[PDB]
């Protein structure tokens, strides 16, 4: 079957470091784009980053650009200089895209991970 499992979540102080991981299985990692979507406590949904066309192109959100880097068939997310406003549950999702360097979806994020929790407040 296909599924996504997250790990590496924890709780640290502002300015430190943390790295999340997303192990994929059941589908080709070069045919689907891989997204990171977080959800602050009691708040809505916020897109974080994405990688597509195997792992040669990457994009990030403005609020995080330059601080996170999206790197076994597993997906990583290095969270450096994690300031205190990134407190959220981070999800791992896939979606099908046209086979090109230009990101364009064929359908939305169909299968998600169970999510991992990371809170930074001191």
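Residue numbers count along the first chain shown, from 1.
Engineer: Checking chain continuity here. Are there deposited residues lacking coordinates between residue 39 and residue 40, and if so is it 1 to 3, 4 to 9, or 10 or more (or none)?
Structural biologist: None; the chain is continuous from residue 39 to residue 40.
Engineer: Please compare 10-18 with 105-113 and say which has the higher mean C-alpha temperature factor in the record.
Structural biologist: Of 105-113 and 10-18, the stretch with the higher C-alpha B-factor average is 10-18.
Engineer: Averaging the C-alpha B factors as listed in the entry, name the stretch that ends up higher: 39-47 or 92-100.
Structural biologist: Per the PDB entry, the higher value belongs to 39-47.
Engineer: Give the position of residue 72 by CA B-factor within its chain, expressed as the lowest, middle or highest third.
Structural biologist: Answer is middle: the recorded C-alpha B-factor places it there.
Engineer: Going by the recorded CA B-factors, say which third of the chain residue 31 sits in, lowest, middle or highest.
Structural biologist: For residue 31, the deposited C-alpha B-factor lands in the lowest third.
Engineer: Looking at the temperature factor on the CA atom of residue 85, which third of the chain's modelled residues does it land in?
Structural biologist: For residue 85, whose C-alpha B-factor we compare with every modelled residue in the chain, the answer is the highest third.
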